[PDB]
Amino acid sequence: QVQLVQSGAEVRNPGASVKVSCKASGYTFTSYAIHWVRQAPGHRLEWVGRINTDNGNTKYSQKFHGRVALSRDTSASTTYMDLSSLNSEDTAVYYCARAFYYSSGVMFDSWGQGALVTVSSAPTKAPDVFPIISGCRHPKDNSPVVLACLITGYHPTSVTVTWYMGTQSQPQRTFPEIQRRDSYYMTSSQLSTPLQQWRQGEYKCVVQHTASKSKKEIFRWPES
Amino acid sequence: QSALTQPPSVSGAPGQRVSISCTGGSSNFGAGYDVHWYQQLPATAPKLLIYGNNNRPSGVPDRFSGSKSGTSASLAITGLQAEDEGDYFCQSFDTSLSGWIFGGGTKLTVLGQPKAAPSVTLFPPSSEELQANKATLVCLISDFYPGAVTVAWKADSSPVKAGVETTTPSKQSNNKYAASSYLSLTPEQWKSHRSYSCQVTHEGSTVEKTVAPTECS
Ligand SMILES: [Cl-]
């Protein structure tokens, strides 16, 4: 089938540049032009530019003041977007899309999955993760015990959390991420089902932060 | 206008019908360009829904339909399902800008989801965080509908006037809202009081949970 697959998320300092790729498959690469469209937070979709996959002709949006360049590798069936002199308004998801010419017009019939480019001066940092608990860990008083993990001090977004009892994934409750004054983020994840008693190490929260190439697991809630 | 205009939002009950208008100007609609529509479900890329004013790509159900006159275009959706909630954008071309333009997007809400009171759990600081000379109280607010909630904190019985950070509520994967409030204290402040309380207000009801440094000992 027709599908476009893009490269992963990126972080850049202001004034730097970024290259995103878009690999095409399932059709004759040079027979259809490809467009790039971005979507910044709190903004509508915005057309970036077009590239002819055959001869390489490009047409750019004037809003970018020549800061953008599009290219294609026909042998690789891949197009590329270079955005230089990055600023905070360039933080956005960047999509590629295939142009389809019908009887009396053109539309974008297939879209890549998107690549989030974050422009920031804050350094990338893995999260600290703390086991938090409501109910005293070893409750005498028959109150239910709720387990959660407090995830703080990371940048950029986002983190992915999964819970396990032994080897089985467990249902969780997710929450928004919030940005602190220092520009770093903070979030929590809660084990959905309350517990009564469990062996030390039975449950664990796994916090993945792909930007920092890190994964941290907490599998012990100590006595307080 | 060299831009397209859509309403910010439309709502409809399940099985009912909504219509999303899109208006342009002399350099796009007035120039003879067709209008296309795109659907963007939560955490997904845009998908082509209607092209050439009223044509459906293969697979798109008949209950999504489009129309365009000289001035206005409209996307109609009948037999609304919960899975239809998301953002819908119109698209055209503009000769004065010489580029593709999109509408602001219309967020579709499918009504009928019943009211739900929040489940609130309050967590005291962990020993590891206290050992690192930081004390954060964590108020987790889950499974509520609709989205608006108000959070207030109390040290003993006095209103806390600093150190509070609360998330804008947002829908999670279960189609219900969640939110969190964090009260940042020093270890000394945490141990100085008898208790702390997180108070959550939602649709004529308030629920308060309390933690104390003394408990669990
Ligand atoms: Cl444990």
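What you see below is based on every heavy atom in this structure, not just the backbone, and it leaves out hydrogens, waters and symmetry mates. Quick note on labels: first sequence line is chain A, next is B, and so on, each numbered from 1.
With a threshold of 4.5 angstrom between heavy atoms, B:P46 approaches chain A through its backbone and through its side chain. For chain A, the nearby part of B:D143 is the side chain; its heavy atoms alone come within less than 4.5 Å. Using a 4.5 Å cut-off between heavy atoms, B:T121 contacts chain A through its side chain alone, with no backbone atom that close. Residue contact with chain B, scored on non-hydrogen atoms closer than 4.5 Å, involves the side chain of A:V37 exclusively. Contacts between B:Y33 and chain A at a heavy-atom distance below 4.5 Å are absent for every atom of the residue. For A:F108, the parts lying near chain B are the backbone and the side chain together; criterion is any non-hydrogen pair under 4.5 Å. Contacts between A:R50 and chain B at a heavy-atom distance below 4.5 Å are absent for every atom of the residue. Both the backbone and the side chain of A:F175 come within contact range of chain B, with heavy atoms under 4.5 Å apart.
Using cut-offs of 30° and 60° on the angle between ring planes, the pair A:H209 and A:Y154 is perpendicular.
Counted by atom type alone, A:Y185 and A:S158 present zero donor-acceptor pairs between their side chains at under 3.5 Å. No donor-acceptor contact under 3.5 angstrom links the side chains of B:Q6 and B:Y88, judged on distance only. Under 3.5 Å, the side chains of B:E129 and B:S127 contain no donor-acceptor pair of N or O atoms. A donor and an acceptor atom, one from each side chain of A:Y203 and A:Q170, are nowhere located under 3.5 Å apart. Counted by atom type alone, A:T91 and A:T118 present zero donor-acceptor pairs between their side chains at under 3.5 Å.
A salt bridge is absent between A:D182 and A:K125: the closest approach of a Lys/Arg side-chain nitrogen to an acidic carboxylate oxygen does not fall below 4.0 angstrom.
Looking only at heavy-atom pairs under 4.5 Å with chain B, the residue among A:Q113, A:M186, A:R180 that has the most is A:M186. Chosen from A:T187, A:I178, A:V93, the residue pairing most often with chain B at heavy-atom distances under 4.5 Å is A:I178. Per-residue counts of heavy-atom pairs under 4.5 Å with chain B were compared for A:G105, A:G112, A:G114, A:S188; the largest is that of A:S188. The candidate with the highest count of non-hydrogen atom pairs below 4.5 Å against chain A, out of B:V138, B:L140, B:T168, B:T44, is B:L140. Listed options B:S180, B:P124, B:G103 were ranked by heavy-atom pairs under 4.5 angstrom with chain A; first place goes to B:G103.
For the pair B:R56 and B:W37, the cation-pi criterion (under 6.0 Å, within 45° of the ring axis) is not fulfilled.
With sequence neighbours left out, A:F29 forms a ring pair (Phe, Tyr, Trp, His ring centres under 6.0 Å) with no residue at all.
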